[PDB]
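J.: First, the structure itself, so that you have it in front of you.
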Amino acid sequence: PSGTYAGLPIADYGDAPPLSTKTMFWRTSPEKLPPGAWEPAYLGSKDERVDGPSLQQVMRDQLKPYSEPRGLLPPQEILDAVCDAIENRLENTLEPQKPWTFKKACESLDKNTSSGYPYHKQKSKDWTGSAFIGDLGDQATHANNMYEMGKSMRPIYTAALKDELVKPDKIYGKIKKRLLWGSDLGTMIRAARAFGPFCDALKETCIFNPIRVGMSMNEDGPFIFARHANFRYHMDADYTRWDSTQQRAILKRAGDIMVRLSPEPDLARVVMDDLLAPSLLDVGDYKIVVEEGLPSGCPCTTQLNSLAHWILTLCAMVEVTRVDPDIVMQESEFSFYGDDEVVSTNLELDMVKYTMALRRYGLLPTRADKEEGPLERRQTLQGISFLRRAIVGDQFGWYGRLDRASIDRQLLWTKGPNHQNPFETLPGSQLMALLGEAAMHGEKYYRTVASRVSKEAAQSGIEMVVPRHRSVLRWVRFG
Amino acid sequence: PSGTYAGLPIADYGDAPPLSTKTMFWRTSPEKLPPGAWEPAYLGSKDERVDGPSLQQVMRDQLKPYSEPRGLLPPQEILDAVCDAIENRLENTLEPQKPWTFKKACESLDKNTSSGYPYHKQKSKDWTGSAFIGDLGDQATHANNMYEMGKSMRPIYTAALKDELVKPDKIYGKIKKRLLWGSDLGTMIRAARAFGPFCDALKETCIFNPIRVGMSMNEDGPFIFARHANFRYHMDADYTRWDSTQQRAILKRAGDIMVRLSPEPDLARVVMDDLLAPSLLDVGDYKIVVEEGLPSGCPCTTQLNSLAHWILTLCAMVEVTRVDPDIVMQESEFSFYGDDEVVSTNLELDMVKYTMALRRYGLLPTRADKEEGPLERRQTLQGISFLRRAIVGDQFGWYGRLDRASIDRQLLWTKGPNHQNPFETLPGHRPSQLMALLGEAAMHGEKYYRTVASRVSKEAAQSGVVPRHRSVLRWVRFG
């Protein structure tokens, strides 16, 4: 079978299941939603809210960016210098680790997700509490033996659409639904055995290194934000379509770093070469070949993406300041979580040329006002957003507080089993977390949220104590 | 004519003469040279020692750094504070001078150098003992009239290569020859009339101010070095390519200081604006535009460069210690002679951040071991180098002593008229140089003094006595 699907070459026939037409989101009260409120994403032809396209068409629209022409590669000298600097800092920072066993790699996986190709069964269905059995067991054992033998296997990714609350324009206007990459159990296990040590050692230094994957916002957040605030200028590029716009060369440099820092470099080399090769995405009908972009299905993909972001940012700064990357990196503090970034620096950065170099690389940096022009740099960290939270500071220190919209949203919607009508009320913890996140907004918003939770929990399950603002504020700030 | 020469824009055609293919250095005896000894720099296609590139190519190699991106400017508050501190110290220390006459400026110049553009004639060829006449006289008179009128003239610099003894690797390996900037007689005279008072007033205070230009090692050396030794820590950055790495903004601040302290500030403003504008360097084929770097042709440039050095040093220290610049300067002692420096301080200086800030400014500080990394700070002034001398101390005090290698070198090579084969023996019979060598050798002990005395006596029976060690030692130490 040959042809062209969504601008991307076709490799084989699709073994993926049909796209889900149900959502996990239930309403908390049968009342009408407030105007302008958020709703679960489009659910297909069975969605009774609107008459829209097929989910296949939305996935094709989301797959269009992966066919787009790439940007320019950074200068080779600058790129080499920045990769060497990053690798050397990680050498000085990372604690050497012992290789991961097959058992630990199997125990690291989430059993509440699909096994991917070819069985597409929920992992927990073949889990005994110790190891994998059955079909998934054979898959795991074959993957492990191929890992130990240093033999290549080609990964098969499965395309899906993300069930989440979206802006109403994304349902009643131009319908859009985010594309998710699922990975197969064999590739998951190979990547686990290969890069589990690296990811764990990187998590142990989530404070001393800009790759913040694994941090705790309530405990480790304030330290990270004080470290950032030690600096003069602050920025957040807020990229649009970060994963679709990536170049495989940057990910190859990042993966080379990850391999060189891994305890079993040859096996991780084989697994990374398999991961970064042209990927086979199963869109249901066909298996297509995606040559560029980020395959965001693997368990270690977040660390890899963050490293790529680090590389790109440092490259841009060396292109603007023309000083060596170590000079920038000793005069700067970075925070990277995939596509999310916070950059604090003391260097006088020409934001015009900085944005020009970023856009030259194929990236899509956006101002907050969504207008054209250079990126903005501020002299204070307050107001910047990271992990959907805003960075605030007071006499007690810095902290990250969840925005108000997300709190109201989680008050309106609760997660549950999959159903078809998102406005069905569920007749069946998170409320206390919402109370805590609202406490950081003042006593007014805390009183509002407290009234809402008190009225809610008296229509369902069991009663719940509604603490004073000061007590819950103390608990979430200083635990 | 347009284009790009050695990475630098082209402005016009070259009126400069061909590069010199002769050297002033003659051998002292027809004996075989010791292995690894130093020889005059590469002399072109006519050099019978090696077959190397054209001198034009060596000049291109030396002009390439001037096309390189500059470093970052220091923080504006730090730069302003240190410039104010330096200007105030010079105000409190320097004696006001009366403006210079045309005759004094004309008599300040060395008459044994080229007049530069447009005649490239030896100044002494048009010198009467009182003023300039002929072509050079008209050039001088026009320059003076433009000075008095406060009208701008653009300087025309002439590129050349420095005739000097270099290590053999710079002849038989990678050939390198230092770049010299010559200035035109008109700009020389204008700069003289403008900044002669400042340079003289700075010279009379060569002991109380770090700009050590004009000091006498035998007379003023011991005092300066004792003042240095009043301090705890001592360092010498030993910069590589000091002049190529300078930023015109620092030179502009230094020149603003020099103008504001001059008796005719409005005229000196015009002269400095002419000096620091993008310079027109005549490389023989073209006249190119060098926008950055240091134009090292004018008579006062040694002060200017040194002043720039001062600024940079203070900035780094103020960036490291974050104490007020006057606090640094009362807890420190500086010595600056262009690219040469000695820094003594009582402050606990983080050499990591000091070297980092220096390299951020575009400078290239180098360790003594020629390895990369931060600069070393020592607890003794012993070993530090200043004006090609080593700083030594004994029961009689501190002094600067020429190393043994340079003594042997000056015993092997003598200065004379320009010739093509550096191994020709000069038949012209040099008592002053020999006595200076005797004095410099006396400071190494009676053994080395006896060796040098044997060598000088053996080389003195072919030409034209040898005092007691203690007598010549007393003469050079305590005169």
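Chain labels run A, B, ... following the order of the structure tokens; each chain numbers its residues from 1, and ligands are numbered from 1 in the order shown.
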Residues of chain B within 7 Å of chain A, counting only C-alpha atoms, what are they? List them as a ChimeraX atom specification.
T.: /B:69,71-72,356,360
J.: Restricted to N, CA, C and O atoms, what would the selected residues look like written as a short mmCIF file (atom, residue, chain, number, x, y, z; two decimals), in the first residue's frame?
T.:
data_model
loop_
_atom_site.label_atom_id
_atom_site.label_comp_id
_atom_site.auth_asym_id
_atom_site.auth_seq_id
_atom_site.Cartn_x
_atom_site.Cartn_y
_atom_site.Cartn_z
N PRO B 69 32.86 39.07 16.59
CA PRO B 69 31.87 39.75 17.43
C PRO B 69 32.47 40.17 18.76
O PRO B 69 33.27 39.45 19.36
N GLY B 71 32.35 41.35 22.85
CA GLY B 71 31.71 40.82 24.03
C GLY B 71 30.57 41.72 24.48
O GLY B 71 30.15 42.64 23.79
N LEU B 72 30.08 41.43 25.68
CA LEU B 72 28.97 42.18 26.24
C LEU B 72 29.48 43.38 27.04
O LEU B 72 30.56 43.34 27.63
N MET B 356 35.13 34.84 34.67
CA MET B 356 33.90 34.76 33.89
C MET B 356 33.49 36.14 33.38
O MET B 356 33.14 36.30 32.20
N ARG B 360 33.39 37.46 29.56
CA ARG B 360 32.14 38.00 29.06
C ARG B 360 32.34 39.31 28.32
O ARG B 360 31.60 39.62 27.38
#
J.: I'd like the neighbourhood of residue B:187 as a VMD selection string, where a residue qualifies if any of its atoms comes within 10 Å (using only C-alpha atoms), though same-chain residues fewer than 4 positions away should be ignored.
T.: chain B and resid 116 to 117 139 to 140 143 to 144 147 153 to 157 183 191 to 193 271 274 to 275 297 to 299
J.: Next, dump the selected residues to file, keeping only N, CA, C and O atoms, as a PDB file, in the first residue's frame.
T.:
ATOM      1  N   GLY B 116      53.482  58.382   7.972  1.00  0.00           N
ATOM      2  CA  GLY B 116      52.176  57.882   7.611  1.00  0.00           C
ATOM      3  C   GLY B 116      51.607  58.559   6.373  1.00  0.00           C
ATOM      4  O   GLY B 116      52.318  59.161   5.565  1.00  0.00           O
ATOM      5  N   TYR B 117      50.292  58.432   6.235  1.00  0.00           N
ATOM      6  CA  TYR B 117      49.583  59.015   5.105  1.00  0.00           C
ATOM      7  C   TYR B 117      49.856  60.515   5.016  1.00  0.00           C
ATOM      8  O   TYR B 117      49.912  61.199   6.043  1.00  0.00           O
ATOM      9  N   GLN B 139      51.371  69.355   5.808  1.00  0.00           N
ATOM     10  CA  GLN B 139      50.488  68.426   6.506  1.00  0.00           C
ATOM     11  C   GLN B 139      50.296  68.849   7.958  1.00  0.00           C
ATOM     12  O   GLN B 139      49.167  68.900   8.466  1.00  0.00           O
ATOM     13  N   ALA B 140      51.399  69.176   8.634  1.00  0.00           N
ATOM     14  CA  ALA B 140      51.341  69.596  10.028  1.00  0.00           C
ATOM     15  C   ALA B 140      50.548  70.885  10.190  1.00  0.00           C
ATOM     16  O   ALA B 140      49.750  71.019  11.125  1.00  0.00           O
ATOM     17  N   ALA B 143      46.841  70.210   9.759  1.00  0.00           N
ATOM     18  CA  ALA B 143      46.339  69.554  10.962  1.00  0.00           C
ATOM     19  C   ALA B 143      46.162  70.545  12.103  1.00  0.00           C
ATOM     20  O   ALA B 143      45.159  70.499  12.823  1.00  0.00           O
ATOM     21  N   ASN B 144      47.125  71.448  12.284  1.00  0.00           N
ATOM     22  CA  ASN B 144      47.036  72.409  13.378  1.00  0.00           C
ATOM     23  C   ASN B 144      45.873  73.366  13.170  1.00  0.00           C
ATOM     24  O   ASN B 144      45.145  73.683  14.119  1.00  0.00           O
ATOM     25  N   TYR B 147      42.786  71.632  14.007  1.00  0.00           N
ATOM     26  CA  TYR B 147      42.668  71.507  15.456  1.00  0.00           C
ATOM     27  C   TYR B 147      42.120  72.785  16.071  1.00  0.00           C
ATOM     28  O   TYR B 147      41.143  72.754  16.828  1.00  0.00           O
ATOM     29  N   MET B 153      38.765  65.839  11.176  1.00  0.00           N
ATOM     30  CA  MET B 153      39.525  65.195  10.118  1.00  0.00           C
ATOM     31  C   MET B 153      39.498  63.698  10.363  1.00  0.00           C
ATOM     32  O   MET B 153      39.582  63.249  11.509  1.00  0.00           O
ATOM     33  N   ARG B 154      39.390  62.938   9.306  1.00  0.00           N
ATOM     34  CA  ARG B 154      39.348  61.502   9.538  1.00  0.00           C
ATOM     35  C   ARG B 154      40.758  60.935   9.482  1.00  0.00           C
ATOM     36  O   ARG B 154      41.468  61.158   8.495  1.00  0.00           O
ATOM     37  N   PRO B 155      41.194  60.210  10.507  1.00  0.00           N
ATOM     38  CA  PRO B 155      42.549  59.658  10.489  1.00  0.00           C
ATOM     39  C   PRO B 155      42.665  58.512   9.501  1.00  0.00           C
ATOM     40  O   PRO B 155      41.719  57.756   9.273  1.00  0.00           O
ATOM     41  N   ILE B 156      43.853  58.385   8.920  1.00  0.00           N
ATOM     42  CA  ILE B 156      44.169  57.311   7.991  1.00  0.00           C
ATOM     43  C   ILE B 156      45.305  56.515   8.610  1.00  0.00           C
ATOM     44  O   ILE B 156      46.442  56.997   8.685  1.00  0.00           O
ATOM     45  N   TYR B 157      45.003  55.303   9.055  1.00  0.00           N
ATOM     46  CA  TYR B 157      46.002  54.436   9.649  1.00  0.00           C
ATOM     47  C   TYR B 157      46.646  53.552   8.590  1.00  0.00           C
ATOM     48  O   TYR B 157      46.035  53.207   7.578  1.00  0.00           O
ATOM     49  N   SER B 183      49.961  55.824  12.524  1.00  0.00           N
ATOM     50  CA  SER B 183      49.040  56.927  12.323  1.00  0.00           C
ATOM     51  C   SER B 183      49.670  57.969  11.409  1.00  0.00           C
ATOM     52  O   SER B 183      50.882  57.981  11.184  1.00  0.00           O
ATOM     53  N   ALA B 191      46.302  64.843  18.077  1.00  0.00           N
ATOM     54  CA  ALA B 191      46.206  64.111  19.333  1.00  0.00           C
ATOM     55  C   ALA B 191      47.245  64.598  20.332  1.00  0.00           C
ATOM     56  O   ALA B 191      46.980  64.649  21.538  1.00  0.00           O
ATOM     57  N   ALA B 192      48.434  64.966  19.850  1.00  0.00           N
ATOM     58  CA  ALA B 192      49.455  65.507  20.737  1.00  0.00           C
ATOM     59  C   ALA B 192      48.978  66.801  21.382  1.00  0.00           C
ATOM     60  O   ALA B 192      48.898  66.901  22.608  1.00  0.00           O
ATOM     61  N   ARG B 193      48.628  67.799  20.564  1.00  0.00           N
ATOM     62  CA  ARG B 193      48.128  69.054  21.120  1.00  0.00           C
ATOM     63  C   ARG B 193      46.953  68.834  22.057  1.00  0.00           C
ATOM     64  O   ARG B 193      46.794  69.573  23.035  1.00  0.00           O
ATOM     65  N   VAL B 271      38.853  65.871  18.653  1.00  0.00           N
ATOM     66  CA  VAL B 271      39.966  64.988  18.322  1.00  0.00           C
ATOM     67  C   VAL B 271      39.664  63.555  18.750  1.00  0.00           C
ATOM     68  O   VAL B 271      39.953  62.603  18.017  1.00  0.00           O
ATOM     69  N   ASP B 274      37.208  61.961  16.435  1.00  0.00           N
ATOM     70  CA  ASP B 274      37.890  61.531  15.218  1.00  0.00           C
ATOM     71  C   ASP B 274      38.693  60.259  15.455  1.00  0.00           C
ATOM     72  O   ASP B 274      38.789  59.406  14.568  1.00  0.00           O
ATOM     73  N   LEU B 275      39.282  60.120  16.643  1.00  0.00           N
ATOM     74  CA  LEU B 275      40.127  58.962  16.911  1.00  0.00           C
ATOM     75  C   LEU B 275      39.309  57.686  17.049  1.00  0.00           C
ATOM     76  O   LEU B 275      39.701  56.630  16.540  1.00  0.00           O
ATOM     77  N   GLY B 297      47.778  53.745  17.041  1.00  0.00           N
ATOM     78  CA  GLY B 297      48.741  54.511  16.277  1.00  0.00           C
ATOM     79  C   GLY B 297      49.123  55.840  16.892  1.00  0.00           C
ATOM     80  O   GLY B 297      50.231  56.336  16.672  1.00  0.00           O
ATOM     81  N   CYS B 298      48.220  56.425  17.664  1.00  0.00           N
ATOM     82  CA  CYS B 298      48.426  57.762  18.189  1.00  0.00           C
ATOM     83  C   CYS B 298      49.399  57.741  19.363  1.00  0.00           C
ATOM     84  O   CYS B 298      49.594  56.705  20.004  1.00  0.00           O
ATOM     85  N   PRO B 299      50.032  58.879  19.666  1.00  0.00           N
ATOM     86  CA  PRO B 299      51.020  58.890  20.756  1.00  0.00           C
ATOM     87  C   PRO B 299      50.420  58.672  22.133  1.00  0.00           C
ATOM     88  O   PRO B 299      51.079  58.074  22.992  1.00  0.00           O
TER      89      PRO B 299
END
J.: Interatomic distance between atom CA of residue A:282 and atom CA of residue A:301?
T.: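 Value for the atom CA of residue A:282-atom CA of residue A:301 distance: 18.4 Å.
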J.: Residue A:38: which residues within 7 Å, counting only C-alpha atoms, same-chain residues fewer than 2 positions away excluded, as a ChimeraX atom specification?
T.: /A:36,165-168
J.: Would you save the residues from that selection as a PDB file, in the first residue's frame, using C-alpha atoms?
T.:
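Contents of the output file part_35.pdb:
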ATOM      1  CA  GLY A  36     -18.273  31.230  28.288  1.00  0.00           C
ATOM      2  CA  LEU A 165     -11.604  20.520  28.740  1.00  0.00           C
ATOM      3  CA  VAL A 166     -11.211  22.938  25.832  1.00  0.00           C
ATOM      4  CA  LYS A 167     -12.260  26.496  25.137  1.00  0.00           C
ATOM      5  CA  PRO A 168     -15.838  26.561  23.778  1.00  0.00           C
TER       6      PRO A 168
END
J.: Can you list, as an MDAnalysis selection string, every residue of stretch 356-416 of chain A that DSSP puts in strand (DSSP E)?
T.: chainID A and resid 385:386 389:394 397:402 413:416
J.: May I have the selected residues written with N, CA, C and O atoms, as a PDB file, in the first residue's frame?
T.:
ATOM      1  N   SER A 385       4.110  32.578  34.129  1.00  0.00           N
ATOM      2  CA  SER A 385       3.338  31.354  34.270  1.00  0.00           C
ATOM      3  C   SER A 385       4.227  30.140  34.047  1.00  0.00           C
ATOM      4  O   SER A 385       5.054  30.122  33.131  1.00  0.00           O
ATOM      5  N   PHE A 386       4.053  29.127  34.893  1.00  0.00           N
ATOM      6  CA  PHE A 386       4.791  27.878  34.771  1.00  0.00           C
ATOM      7  C   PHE A 386       3.931  26.756  35.329  1.00  0.00           C
ATOM      8  O   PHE A 386       3.453  26.849  36.462  1.00  0.00           O
ATOM      9  N   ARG A 389       0.527  27.599  36.498  1.00  0.00           N
ATOM     10  CA  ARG A 389       0.484  28.406  37.703  1.00  0.00           C
ATOM     11  C   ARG A 389       1.221  29.715  37.476  1.00  0.00           C
ATOM     12  O   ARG A 389       2.129  29.801  36.649  1.00  0.00           O
ATOM     13  N   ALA A 390       0.830  30.729  38.238  1.00  0.00           N
ATOM     14  CA  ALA A 390       1.471  32.034  38.215  1.00  0.00           C
ATOM     15  C   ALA A 390       2.459  32.158  39.364  1.00  0.00           C
ATOM     16  O   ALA A 390       2.200  31.685  40.476  1.00  0.00           O
ATOM     17  N   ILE A 391       3.598  32.776  39.073  1.00  0.00           N
ATOM     18  CA  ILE A 391       4.665  32.973  40.045  1.00  0.00           C
ATOM     19  C   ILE A 391       4.384  34.253  40.819  1.00  0.00           C
ATOM     20  O   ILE A 391       4.348  35.343  40.240  1.00  0.00           O
ATOM     21  N   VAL A 392       4.195  34.123  42.131  1.00  0.00           N
ATOM     22  CA  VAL A 392       3.891  35.246  43.002  1.00  0.00           C
ATOM     23  C   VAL A 392       4.892  35.218  44.148  1.00  0.00           C
ATOM     24  O   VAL A 392       5.509  34.193  44.435  1.00  0.00           O
ATOM     25  N   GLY A 393       5.079  36.367  44.779  1.00  0.00           N
ATOM     26  CA  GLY A 393       5.991  36.466  45.901  1.00  0.00           C
ATOM     27  C   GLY A 393       5.451  37.406  46.953  1.00  0.00           C
ATOM     28  O   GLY A 393       4.790  38.400  46.649  1.00  0.00           O
ATOM     29  N   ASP A 394       5.745  37.079  48.207  1.00  0.00           N
ATOM     30  CA  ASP A 394       5.305  37.896  49.328  1.00  0.00           C
ATOM     31  C   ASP A 394       6.357  37.825  50.430  1.00  0.00           C
ATOM     32  O   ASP A 394       7.457  37.299  50.231  1.00  0.00           O
ATOM     33  N   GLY A 397       7.928  34.465  50.894  1.00  0.00           N
ATOM     34  CA  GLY A 397       8.713  33.881  49.833  1.00  0.00           C
ATOM     35  C   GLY A 397       7.914  33.799  48.557  1.00  0.00           C
ATOM     36  O   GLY A 397       6.844  34.400  48.421  1.00  0.00           O
ATOM     37  N   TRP A 398       8.468  33.083  47.586  1.00  0.00           N
ATOM     38  CA  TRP A 398       7.816  32.881  46.305  1.00  0.00           C
ATOM     39  C   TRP A 398       6.977  31.611  46.330  1.00  0.00           C
ATOM     40  O   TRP A 398       7.176  30.720  47.157  1.00  0.00           O
ATOM     41  N   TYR A 399       6.023  31.546  45.408  1.00  0.00           N
ATOM     42  CA  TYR A 399       5.161  30.383  45.270  1.00  0.00           C
ATOM     43  C   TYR A 399       4.487  30.426  43.910  1.00  0.00           C
ATOM     44  O   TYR A 399       4.446  31.462  43.243  1.00  0.00           O
ATOM     45  N   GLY A 400       4.001  29.263  43.486  1.00  0.00           N
ATOM     46  CA  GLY A 400       3.202  29.136  42.283  1.00  0.00           C
ATOM     47  C   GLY A 400       1.759  28.839  42.652  1.00  0.00           C
ATOM     48  O   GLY A 400       1.486  27.905  43.408  1.00  0.00           O
ATOM     49  N   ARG A 401       0.846  29.644  42.117  1.00  0.00           N
ATOM     50  CA  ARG A 401      -0.569  29.506  42.437  1.00  0.00           C
ATOM     51  C   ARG A 401      -1.351  29.223  41.165  1.00  0.00           C
ATOM     52  O   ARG A 401      -1.139  29.874  40.138  1.00  0.00           O
ATOM     53  N   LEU A 402      -2.226  28.224  41.228  1.00  0.00           N
ATOM     54  CA  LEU A 402      -3.059  27.879  40.087  1.00  0.00           C
ATOM     55  C   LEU A 402      -4.015  29.018  39.769  1.00  0.00           C
ATOM     56  O   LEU A 402      -4.567  29.655  40.668  1.00  0.00           O
ATOM     57  N   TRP A 413     -16.469  20.582  36.818  1.00  0.00           N
ATOM     58  CA  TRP A 413     -16.316  19.294  36.157  1.00  0.00           C
ATOM     59  C   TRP A 413     -15.571  18.328  37.064  1.00  0.00           C
ATOM     60  O   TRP A 413     -14.607  18.712  37.730  1.00  0.00           O
ATOM     61  N   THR A 414     -16.022  17.076  37.088  1.00  0.00           N
ATOM     62  CA  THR A 414     -15.332  16.027  37.822  1.00  0.00           C
ATOM     63  C   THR A 414     -15.034  14.859  36.894  1.00  0.00           C
ATOM     64  O   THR A 414     -15.769  14.597  35.943  1.00  0.00           O
ATOM     65  N   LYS A 415     -13.940  14.163  37.170  1.00  0.00           N
ATOM     66  CA  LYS A 415     -13.540  13.047  36.327  1.00  0.00           C
ATOM     67  C   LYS A 415     -14.247  11.771  36.763  1.00  0.00           C
ATOM     68  O   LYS A 415     -14.443  11.527  37.956  1.00  0.00           O
ATOM     69  N   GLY A 416     -14.626  10.954  35.785  1.00  0.00           N
ATOM     70  CA  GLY A 416     -15.279   9.698  36.064  1.00  0.00           C
ATOM     71  C   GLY A 416     -15.185   8.716  34.916  1.00  0.00           C
ATOM     72  O   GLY A 416     -14.347   8.845  34.020  1.00  0.00           O
TER      73      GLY A 416
END
J.: Could you give me the residues within stretch 249-281 of chain A that DSSP places in alpha helix (DSSP H), as a count of residues only?
T.: 24
J.: Could you give me, as a compact mmCIF listing (two decimals) with N, CA, C and O atoms, in the first residue's frame, the residues within 12 Å of residue B:412, counting only C-alpha atoms and dropping anything in the same chain fewer than 5 positions from it?
T.:
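That gives us out08.txt:
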# COMPACT_ATOMS: atom_id res chain seq x y z
N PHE B 25 67.68 43.27 13.13
CA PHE B 25 68.40 42.41 14.06
C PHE B 25 69.55 41.71 13.35
O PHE B 25 69.36 41.11 12.28
N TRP B 26 70.73 41.79 13.95
CA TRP B 26 71.95 41.18 13.44
C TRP B 26 72.47 40.21 14.49
O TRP B 26 72.24 40.39 15.69
N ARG B 27 73.19 39.19 14.02
CA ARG B 27 73.83 38.27 14.94
C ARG B 27 75.11 38.89 15.49
O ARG B 27 75.73 39.75 14.87
N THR B 28 75.49 38.45 16.69
CA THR B 28 76.65 39.01 17.36
C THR B 28 77.93 38.23 17.09
O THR B 28 79.02 38.78 17.29
N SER B 29 77.82 36.98 16.65
CA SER B 29 78.99 36.17 16.34
C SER B 29 78.61 35.17 15.27
O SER B 29 77.47 34.70 15.25
N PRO B 30 79.54 34.81 14.38
CA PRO B 30 79.21 33.87 13.30
C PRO B 30 78.99 32.44 13.78
O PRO B 30 78.79 31.53 12.97
N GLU B 31 79.02 32.23 15.10
CA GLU B 31 78.86 30.90 15.66
C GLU B 31 77.46 30.36 15.38
O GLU B 31 76.52 31.10 15.09
N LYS B 32 77.35 29.04 15.46
CA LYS B 32 76.06 28.38 15.26
C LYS B 32 75.09 28.79 16.36
O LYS B 32 75.46 28.88 17.54
N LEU B 33 73.84 29.03 15.98
CA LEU B 33 72.83 29.38 16.96
C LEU B 33 72.54 28.19 17.86
O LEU B 33 72.57 27.04 17.40
N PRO B 34 72.26 28.41 19.15
CA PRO B 34 71.80 27.31 19.99
C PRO B 34 70.47 26.78 19.49
O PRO B 34 69.67 27.53 18.91
N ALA B 37 66.66 28.51 19.83
CA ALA B 37 66.85 29.93 20.06
C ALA B 37 65.88 30.74 19.21
O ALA B 37 65.27 30.25 18.26
N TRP B 38 65.74 32.01 19.58
CA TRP B 38 64.79 32.89 18.92
C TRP B 38 65.44 33.56 17.72
O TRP B 38 66.64 33.82 17.70
N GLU B 39 64.62 33.84 16.72
CA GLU B 39 65.06 34.41 15.46
C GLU B 39 64.08 35.50 15.05
O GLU B 39 62.94 35.52 15.52
N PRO B 40 64.51 36.43 14.19
CA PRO B 40 63.58 37.45 13.71
C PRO B 40 62.41 36.84 12.96
O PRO B 40 62.52 35.77 12.35
N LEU B 165 62.04 39.65 17.80
CA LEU B 165 62.45 38.27 18.01
C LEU B 165 61.26 37.46 18.50
O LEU B 165 60.60 37.83 19.47
N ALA B 405 66.77 34.20 30.09
CA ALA B 405 66.59 33.94 28.67
C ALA B 405 66.69 35.22 27.85
O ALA B 405 67.35 35.25 26.81
N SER B 406 66.05 36.30 28.32
CA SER B 406 66.13 37.57 27.60
C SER B 406 67.55 38.12 27.59
O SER B 406 67.96 38.75 26.61
N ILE B 407 68.31 37.89 28.66
CA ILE B 407 69.70 38.34 28.70
C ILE B 407 70.52 37.60 27.65
O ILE B 407 71.27 38.21 26.88
N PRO B 422 69.14 37.56 8.60
CA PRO B 422 69.33 37.88 10.03
C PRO B 422 70.60 37.33 10.63
O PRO B 422 70.96 37.73 11.74
N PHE B 423 71.30 36.42 9.95
CA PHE B 423 72.49 35.79 10.49
C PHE B 423 73.77 36.49 10.06
O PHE B 423 74.86 35.98 10.33
N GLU B 424 73.66 37.64 9.40
CA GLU B 424 74.82 38.46 9.12
C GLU B 424 75.37 39.06 10.41
O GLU B 424 74.61 39.54 11.26
N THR B 425 76.69 39.03 10.55
CA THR B 425 77.35 39.62 11.71
C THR B 425 77.58 41.10 11.45
O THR B 425 78.04 41.49 10.38
N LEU B 426 77.25 41.93 12.44
CA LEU B 426 77.40 43.37 12.30
C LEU B 426 78.84 43.77 12.60
O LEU B 426 79.29 43.60 13.74
N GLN B 433 74.41 48.93 25.43
CA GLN B 433 73.64 47.70 25.55
C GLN B 433 74.39 46.67 26.38
O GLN B 433 73.78 45.95 27.19
N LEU B 434 75.71 46.59 26.22
CA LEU B 434 76.49 45.60 26.96
C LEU B 434 76.52 45.93 28.45
O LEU B 434 76.43 45.02 29.28
N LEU B 437 73.17 45.01 29.88
CA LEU B 437 73.12 43.57 30.08
C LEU B 437 73.92 43.16 31.30
O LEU B 437 73.50 42.27 32.06
N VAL B 452 78.08 35.71 32.34
CA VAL B 452 77.81 36.80 31.41
C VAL B 452 79.06 37.63 31.18
O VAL B 452 79.28 38.14 30.08
N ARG B 455 81.13 35.83 28.67
CA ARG B 455 80.55 35.97 27.34
C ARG B 455 80.79 37.36 26.76
O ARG B 455 81.18 37.50 25.59
N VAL B 456 80.62 38.41 27.57
CA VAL B 456 80.80 39.77 27.08
C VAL B 456 82.27 40.03 26.77
O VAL B 456 82.59 40.69 25.78
N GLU B 459 83.10 38.30 23.51
CA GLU B 459 82.54 39.05 22.39
C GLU B 459 83.01 40.50 22.35
O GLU B 459 82.56 41.26 21.49
J.: Quick check, in Å to one decimal: how far apart do atom CA of residue B:124 and atom CA of residue B:108 lie?
T.: 12.7 Å
J.: Leaving out stretch 350-365 of chain A and any residue of its chain fewer than 2 positions from it, which residues lie within 7 Å of it when counting only C-alpha atoms, given as a VMD selection string?
T.: chain A and resid 70 to 73 237 to 240 242 245 316 to 317 320 348 367 374 to 375
J.: Near residue B:225, counting only C-alpha atoms, which residues have an atom at most 7 Å away, once you skip same-chain residues fewer than 4 positions from it, shown as JSON, numbers by chain?
T.: {"B": [221, 229, 398]}
J.: Got a sec: who's within 10 Å of residue B:442, counting only C-alpha atoms, leaving out chain neighbours fewer than 2 positions off, as a PyMOL selection string?
T.: chain B and resi 401+436-440+444-450+452-453+468-474+476-477
J.: Would you mind reading off the distance between atom CA of residue A:458 and atom CA of residue A:433, one decimal, in Å?
T.: 17.7 Å
